[PDB]
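Colleague: Below are the structure tokens for one structure; questions will follow.
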Amino acid sequence: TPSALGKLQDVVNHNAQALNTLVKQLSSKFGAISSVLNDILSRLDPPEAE
Amino acid sequence: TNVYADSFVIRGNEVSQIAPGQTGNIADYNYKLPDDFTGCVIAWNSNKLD
């Protein structure tokens with residue numbers, strides 16, 4: 001039965017999932033025009049890019 | 001504390017270059033404003049004088 005160690009398996013799974021969902025937050029556009037900082041600096045002026 | 005007044009005359013359409021973070025012939029070669037500029041810009045038409 002491989003489901004005997006589900007308690008220990010869920011520990012490493014929750015930590016791996018928490019790290020994976022944290023990386024995907026970088027692709028989010030929190031009200032900005034893009035998710036890449038290099039694109040915002042190249043497209044808009046420093047007064048507007050801030 | 002220390003207030004300084006600068007005076008210069010441009011061809012009119014280049015007023016957009018006198019601003020923090022701008023580029024151009026006037027901004028990059030003649031008069032550049034820092035990104036942390038704290039002051040006021042005053043520009044008016046002088047076709048009758050100059």
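Ligands are numbered from 1 in the order shown, residues from 1 within each chain, and chains are lettered A, B, ... in the order they appear in the structure tokens.
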Select from chain A everything DSSP, run on the backbone, classes as alpha helix (DSSP H), then give the selection as a PyMOL selection string.
Modeller: chain A and resi 6-24+37-43+46-49
Colleague: Quick one: contact table of chain B to chain A, 9 Å max, nearest atom pair and distance in Å to one decimal per residue, counting only C-alpha atoms, chain and number order, as JSON lines?
Modeller:
```
{"residue": "B:20", "atom": "CA", "partner": "A:47", "partner_atom": "CA", "distance": 7.2}
{"residue": "B:21", "atom": "CA", "partner": "A:46", "partner_atom": "CA", "distance": 5.5}
{"residue": "B:22", "atom": "CA", "partner": "A:45", "partner_atom": "CA", "distance": 7.3}
{"residue": "B:35", "atom": "CA", "partner": "A:46", "partner_atom": "CA", "distance": 7.7}
```
Colleague: I'd like the interatomic distance between CA of residue 19 in chain B and CA of residue 35 in chain A, to a tenth of an Å.
Modeller: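 Straight-line distance from CA of residue 19 in chain B to CA of residue 35 in chain A works out to 26.6 Å.
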Colleague: So what do you get for CA of residue 45 in chain B versus CA of residue 28 in chain B, distance-wise?
Modeller: 23.1 Å
Colleague: One decimal, Å: what's the distance from CA of residue 20 in chain A over to CA of residue 41 in chain A, could you say?
Modeller: 26.9 Å
Colleague: Would you list the contacts of residue 12 in chain B as a PDB file with N, CA, C and O atoms, in the first residue's frame, taking every protein, DNA or RNA residue within 10 Å and counting only C-alpha atoms, but skipping same-chain residues closer than 4 positions in sequence?
Modeller:
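Output below, filename part_35.pdb:
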```
ATOM      1  N   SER B  16       8.513  69.616 -24.011  1.00  0.00           N
ATOM      2  CA  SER B  16       8.318  68.291 -23.436  1.00  0.00           C
ATOM      3  C   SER B  16       9.630  67.649 -23.009  1.00  0.00           C
ATOM      4  O   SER B  16       9.616  66.702 -22.215  1.00  0.00           O
ATOM      5  N   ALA B  43       6.980  78.116 -18.690  1.00  0.00           N
ATOM      6  CA  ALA B  43       7.277  78.343 -20.098  1.00  0.00           C
ATOM      7  C   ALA B  43       6.116  79.078 -20.746  1.00  0.00           C
ATOM      8  O   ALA B  43       4.955  78.711 -20.543  1.00  0.00           O
ATOM      9  N   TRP B  44       6.431  80.110 -21.526  1.00  0.00           N
ATOM     10  CA  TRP B  44       5.423  80.893 -22.223  1.00  0.00           C
ATOM     11  C   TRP B  44       5.934  81.237 -23.615  1.00  0.00           C
ATOM     12  O   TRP B  44       7.123  81.106 -23.912  1.00  0.00           O
ATOM     13  N   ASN B  45       5.015  81.683 -24.467  1.00  0.00           N
ATOM     14  CA  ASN B  45       5.361  82.034 -25.836  1.00  0.00           C
ATOM     15  C   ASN B  45       6.061  83.386 -25.878  1.00  0.00           C
ATOM     16  O   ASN B  45       5.664  84.330 -25.190  1.00  0.00           O
ATOM     17  N   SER B  46       7.111  83.472 -26.697  1.00  0.00           N
ATOM     18  CA  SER B  46       7.867  84.709 -26.856  1.00  0.00           C
ATOM     19  C   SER B  46       8.133  85.008 -28.326  1.00  0.00           C
ATOM     20  O   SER B  46       9.224  85.470 -28.682  1.00  0.00           O
ATOM     21  N   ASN B  47       7.150  84.751 -29.192  1.00  0.00           N
ATOM     22  CA  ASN B  47       7.312  85.027 -30.614  1.00  0.00           C
ATOM     23  C   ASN B  47       7.394  86.520 -30.902  1.00  0.00           C
ATOM     24  O   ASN B  47       7.885  86.910 -31.968  1.00  0.00           O
TER      25      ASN B  47
END
```
Colleague: As a list in words, please: the residues near residue 31 in chain B (cut-off 12 Å, only C-alpha atoms, same-chain neighbours under 2 positions excluded).
Modeller: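 The filter keeps residues 6, 7, 8, 9, 10, 14, 15, 17, 18, 19, 20, 21, 22, 23, 24, 25, 26, 27, 28, 29, 33 and 34 of chain B.
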Colleague: Restricted to N, CA, C and O atoms, what would the selected residues look like written as a PDB file, in the first residue's frame?
Modeller:
```
ATOM      1  N   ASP B   6      16.682  79.246 -13.633  1.00  0.00           N
ATOM      2  CA  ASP B   6      17.364  79.025 -14.900  1.00  0.00           C
ATOM      3  C   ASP B   6      16.552  79.643 -16.031  1.00  0.00           C
ATOM      4  O   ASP B   6      15.318  79.592 -16.020  1.00  0.00           O
ATOM      5  N   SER B   7      17.249  80.226 -17.004  1.00  0.00           N
ATOM      6  CA  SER B   7      16.609  80.889 -18.130  1.00  0.00           C
ATOM      7  C   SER B   7      17.235  80.416 -19.434  1.00  0.00           C
ATOM      8  O   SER B   7      18.461  80.416 -19.580  1.00  0.00           O
ATOM      9  N   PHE B   8      16.385  80.019 -20.376  1.00  0.00           N
ATOM     10  CA  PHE B   8      16.819  79.589 -21.700  1.00  0.00           C
ATOM     11  C   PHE B   8      15.603  79.589 -22.616  1.00  0.00           C
ATOM     12  O   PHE B   8      14.460  79.487 -22.162  1.00  0.00           O
ATOM     13  N   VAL B   9      15.864  79.708 -23.915  1.00  0.00           N
ATOM     14  CA  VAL B   9      14.819  79.782 -24.928  1.00  0.00           C
ATOM     15  C   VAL B   9      15.022  78.652 -25.926  1.00  0.00           C
ATOM     16  O   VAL B   9      16.120  78.477 -26.466  1.00  0.00           O
ATOM     17  N   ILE B  10      13.957  77.892 -26.178  1.00  0.00           N
ATOM     18  CA  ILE B  10      13.979  76.778 -27.118  1.00  0.00           C
ATOM     19  C   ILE B  10      13.000  77.075 -28.248  1.00  0.00           C
ATOM     20  O   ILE B  10      12.329  78.108 -28.265  1.00  0.00           O
ATOM     21  N   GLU B  14       9.908  71.796 -28.068  1.00  0.00           N
ATOM     22  CA  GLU B  14      10.802  70.998 -27.242  1.00  0.00           C
ATOM     23  C   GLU B  14      10.561  71.182 -25.749  1.00  0.00           C
ATOM     24  O   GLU B  14      11.403  70.763 -24.949  1.00  0.00           O
ATOM     25  N   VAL B  15       9.441  71.795 -25.356  1.00  0.00           N
ATOM     26  CA  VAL B  15       9.152  71.975 -23.935  1.00  0.00           C
ATOM     27  C   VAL B  15       8.925  70.634 -23.252  1.00  0.00           C
ATOM     28  O   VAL B  15       9.120  70.507 -22.036  1.00  0.00           O
ATOM     29  N   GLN B  17      10.763  68.140 -23.515  1.00  0.00           N
ATOM     30  CA  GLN B  17      12.057  67.578 -23.154  1.00  0.00           C
ATOM     31  C   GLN B  17      12.584  68.113 -21.829  1.00  0.00           C
ATOM     32  O   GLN B  17      13.445  67.471 -21.219  1.00  0.00           O
ATOM     33  N   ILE B  18      12.093  69.261 -21.372  1.00  0.00           N
ATOM     34  CA  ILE B  18      12.520  69.819 -20.076  1.00  0.00           C
ATOM     35  C   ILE B  18      11.600  69.197 -19.031  1.00  0.00           C
ATOM     36  O   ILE B  18      10.586  69.762 -18.613  1.00  0.00           O
ATOM     37  N   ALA B  19      11.968  67.998 -18.598  1.00  0.00           N
ATOM     38  CA  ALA B  19      11.217  67.237 -17.610  1.00  0.00           C
ATOM     39  C   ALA B  19      12.077  66.058 -17.166  1.00  0.00           C
ATOM     40  O   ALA B  19      12.905  65.571 -17.941  1.00  0.00           O
ATOM     41  N   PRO B  20      11.906  65.596 -15.929  1.00  0.00           N
ATOM     42  CA  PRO B  20      12.702  64.458 -15.454  1.00  0.00           C
ATOM     43  C   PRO B  20      12.422  63.203 -16.269  1.00  0.00           C
ATOM     44  O   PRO B  20      11.270  62.858 -16.540  1.00  0.00           O
ATOM     45  N   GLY B  21      13.496  62.524 -16.665  1.00  0.00           N
ATOM     46  CA  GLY B  21      13.381  61.283 -17.401  1.00  0.00           C
ATOM     47  C   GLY B  21      13.153  61.426 -18.888  1.00  0.00           C
ATOM     48  O   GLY B  21      12.798  60.437 -19.540  1.00  0.00           O
ATOM     49  N   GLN B  22      13.343  62.616 -19.447  1.00  0.00           N
ATOM     50  CA  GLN B  22      13.136  62.836 -20.869  1.00  0.00           C
ATOM     51  C   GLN B  22      14.459  62.773 -21.625  1.00  0.00           C
ATOM     52  O   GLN B  22      15.540  62.953 -21.061  1.00  0.00           O
ATOM     53  N   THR B  23      14.356  62.514 -22.928  1.00  0.00           N
ATOM     54  CA  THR B  23      15.514  62.442 -23.805  1.00  0.00           C
ATOM     55  C   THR B  23      15.268  63.312 -25.028  1.00  0.00           C
ATOM     56  O   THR B  23      14.126  63.650 -25.350  1.00  0.00           O
ATOM     57  N   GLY B  24      16.346  63.669 -25.703  1.00  0.00           N
ATOM     58  CA  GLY B  24      16.260  64.512 -26.879  1.00  0.00           C
ATOM     59  C   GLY B  24      17.534  65.311 -27.054  1.00  0.00           C
ATOM     60  O   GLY B  24      18.518  65.127 -26.343  1.00  0.00           O
ATOM     61  N   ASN B  25      17.493  66.212 -28.037  1.00  0.00           N
ATOM     62  CA  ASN B  25      18.648  67.051 -28.331  1.00  0.00           C
ATOM     63  C   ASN B  25      18.920  68.028 -27.192  1.00  0.00           C
ATOM     64  O   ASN B  25      20.073  68.261 -26.813  1.00  0.00           O
ATOM     65  N   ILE B  26      17.860  68.613 -26.635  1.00  0.00           N
ATOM     66  CA  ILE B  26      18.023  69.572 -25.543  1.00  0.00           C
ATOM     67  C   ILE B  26      18.284  68.839 -24.232  1.00  0.00           C
ATOM     68  O   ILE B  26      19.132  69.244 -23.428  1.00  0.00           O
ATOM     69  N   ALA B  27      17.557  67.743 -24.002  1.00  0.00           N
ATOM     70  CA  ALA B  27      17.650  67.045 -22.724  1.00  0.00           C
ATOM     71  C   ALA B  27      18.993  66.351 -22.543  1.00  0.00           C
ATOM     72  O   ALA B  27      19.554  66.365 -21.442  1.00  0.00           O
ATOM     73  N   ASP B  28      19.527  65.743 -23.602  1.00  0.00           N
ATOM     74  CA  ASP B  28      20.743  64.949 -23.475  1.00  0.00           C
ATOM     75  C   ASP B  28      22.014  65.749 -23.724  1.00  0.00           C
ATOM     76  O   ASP B  28      23.098  65.308 -23.323  1.00  0.00           O
ATOM     77  N   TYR B  29      21.917  66.911 -24.373  1.00  0.00           N
ATOM     78  CA  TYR B  29      23.097  67.678 -24.745  1.00  0.00           C
ATOM     79  C   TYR B  29      23.169  69.066 -24.125  1.00  0.00           C
ATOM     80  O   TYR B  29      24.281  69.566 -23.919  1.00  0.00           O
ATOM     81  N   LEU B  33      17.346  67.383 -16.675  1.00  0.00           N
ATOM     82  CA  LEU B  33      16.764  67.447 -15.343  1.00  0.00           C
ATOM     83  C   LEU B  33      16.888  66.102 -14.639  1.00  0.00           C
ATOM     84  O   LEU B  33      16.647  65.056 -15.251  1.00  0.00           O
ATOM     85  N   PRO B  34      17.264  66.101 -13.363  1.00  0.00           N
ATOM     86  CA  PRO B  34      17.396  64.836 -12.635  1.00  0.00           C
ATOM     87  C   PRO B  34      16.040  64.205 -12.364  1.00  0.00           C
ATOM     88  O   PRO B  34      14.999  64.867 -12.356  1.00  0.00           O
TER      89      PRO B  34
END
```
Colleague: So which residues touch range 37-39 of chain A within 12 Å, counting only C-alpha atoms, skipping near sequence neighbours fewer than 5 positions away, as a list in words?
Modeller: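 Near range 37-39 of chain A, the qualifying residues are residues 26, 27, 28, 29, 32, 44, 45, 46, 49 and 50 of chain A.
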Colleague: For those residues, write C-alpha atoms to a file as an mmCIF file, in the first residue's frame.
Modeller:
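The resulting file, result.cif, is shown below:
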```cif
data_model
loop_
_atom_site.group_PDB
_atom_site.id
_atom_site.type_symbol
_atom_site.label_atom_id
_atom_site.label_comp_id
_atom_site.auth_asym_id
_atom_site.auth_seq_id
_atom_site.Cartn_x
_atom_site.Cartn_y
_atom_site.Cartn_z
ATOM 1 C CA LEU A 26 5.430 36.867 -10.996
ATOM 2 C CA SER A 27 3.475 36.445 -14.247
ATOM 3 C CA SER A 28 0.517 38.315 -12.727
ATOM 4 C CA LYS A 29 -0.364 41.849 -13.837
ATOM 5 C CA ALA A 32 0.026 47.145 -14.623
ATOM 6 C CA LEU A 44 7.100 54.140 -20.455
ATOM 7 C CA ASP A 45 9.006 57.098 -19.053
ATOM 8 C CA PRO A 46 10.446 57.042 -15.507
ATOM 9 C CA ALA A 49 6.888 53.809 -14.922
ATOM 10 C CA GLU A 50 6.995 54.414 -11.156
#
```
Colleague: Might you pull out every residue within 10 Å of residue 39 in chain B, with only C-alpha atoms counted and same-chain residues fewer than 2 positions away left off, and present them as a VMD selection string?
Modeller: chain B and resid 3 to 4 36 to 37 41
Colleague: Residues of the last selection are to be written out with N, CA and C atoms, as a PDB file, in the first residue's frame.
Modeller:
```pdb
ATOM      1  N   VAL B   3      17.173  78.393  -3.655  1.00  0.00           N
ATOM      2  CA  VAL B   3      16.326  78.446  -4.841  1.00  0.00           C
ATOM      3  C   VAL B   3      17.120  79.089  -5.970  1.00  0.00           C
ATOM      4  N   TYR B   4      17.145  78.427  -7.124  1.00  0.00           N
ATOM      5  CA  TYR B   4      17.866  78.908  -8.294  1.00  0.00           C
ATOM      6  C   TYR B   4      16.919  78.985  -9.481  1.00  0.00           C
ATOM      7  N   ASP B  36      15.055  63.059  -9.591  1.00  0.00           N
ATOM      8  CA  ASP B  36      14.591  63.537  -8.294  1.00  0.00           C
ATOM      9  C   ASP B  36      14.400  65.049  -8.263  1.00  0.00           C
ATOM     10  N   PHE B  37      14.054  65.656  -9.396  1.00  0.00           N
ATOM     11  CA  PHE B  37      13.876  67.099  -9.449  1.00  0.00           C
ATOM     12  C   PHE B  37      12.665  67.523  -8.627  1.00  0.00           C
ATOM     13  N   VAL B  41       8.319  74.333 -13.434  1.00  0.00           N
ATOM     14  CA  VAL B  41       8.727  74.693 -14.787  1.00  0.00           C
ATOM     15  C   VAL B  41       7.744  75.723 -15.323  1.00  0.00           C
TER      16      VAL B  41
END
```
